[PDB]
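What follows is a single structure, written as structure tokens, with notes after it.
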Amino acid sequence: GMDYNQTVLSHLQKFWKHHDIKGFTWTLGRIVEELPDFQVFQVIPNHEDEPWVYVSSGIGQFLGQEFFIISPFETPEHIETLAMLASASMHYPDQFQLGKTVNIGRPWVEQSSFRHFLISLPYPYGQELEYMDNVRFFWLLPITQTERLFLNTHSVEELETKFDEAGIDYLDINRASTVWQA
């Protein structure tokens, strides 16, 4: 509800003290029945060399975590994606845990080929963002289609090693895959 959403907003505002943050709500849609008062918060860049961050608010009251997307540009695609994930996480909470992949059902942004996220610790931001009393903030990291397939026969730890070693640019909608299979 409102009090919980304000706790999330305060948490984000404290972490990004000098950024404007916009909140979004629904008065129509899956949200209204399935997760009343759910919000998305948008952390707005101060300059062209900074990304946009979209953060859920409301999932953590049931799941113990919220999720965020780091985007190279402004797009309501992420608002739409997070509403879909709010519904999915209420139905299938076991699939919305660290180390799980999320099938977006479409590219994360239109021109990318990446259709999955890997639910990750918030490596770009650290522990000050990760924890807020009773609730954690996990990163929806886009992964390539071949990376997703790789996770069927290899661990998340192995993939995360490949990510560290490549130094993946998670803001590049066309970054190279870090894995190849025969």
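Points to keep in mind about this one:
- Flag for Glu80 being of a type outside the set (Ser, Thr, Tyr), assigned to a helix (DSSP H, G or I), in contact (Cβ under 8 Å) with a residue 40 or more places away in the chain and loosely packed, with under 15 Cβ neighbours inside 10 Å: no
- Residue in the stretch 11-29 that is within 22 Å of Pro142 (Cα to Cα) and hydroxyl-bearing (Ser, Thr, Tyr) present: no
- Pair list, Cβ < 6 Å and 6+ apart or interchain, from the stretch 32-47 residues that are under 15 Å from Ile69 (Cβ atoms) to residues that are in a strand (DSSP E or B) and among the charged types (D, E, K, R): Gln42/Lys22
- Number of the exception - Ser89 against (1) assigned to a helix (DSSP H, G or I); (2) more than 20 Å from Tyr54 (Cα to Cα); (3) out of contact with any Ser or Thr (no Cβ under 6 Å at 6 or more places or on another chain): (2)
- Close pairs (9 angstrom Cβ cut-off, 6 or more residues apart or separate chains): closer than 24 Å to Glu74 by Cα in the stretch 91-114, assigned to a loop (DSSP other than H, G, I, E, B) and of a type in the set (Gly, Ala, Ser) anywhere: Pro107/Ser113
- Helices (runs of 4 or more DSSP H) lying entirely in the stretch 117-180 (those with 2 or more residues that are among the charged types (D, E, K, R) and under 18 Å from the mean Cα position of the chain (by Cα)): 127-130, 145-150
- Filtering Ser89, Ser71, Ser113 for residues that are of a type in the set (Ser, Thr, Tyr), buried (at least 16 other Cβ atoms within 10 Å of the Cβ) and within 28 Å of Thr153 (Cβ to Cβ) leaves a single hit, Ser89.
We did not get these values from a lab; they are worked out from the coordinates using the rules stated. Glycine also receives a Cβ, built like all others from the backbone with ideal geometry; neighbour counts cover every protein chain displayed.
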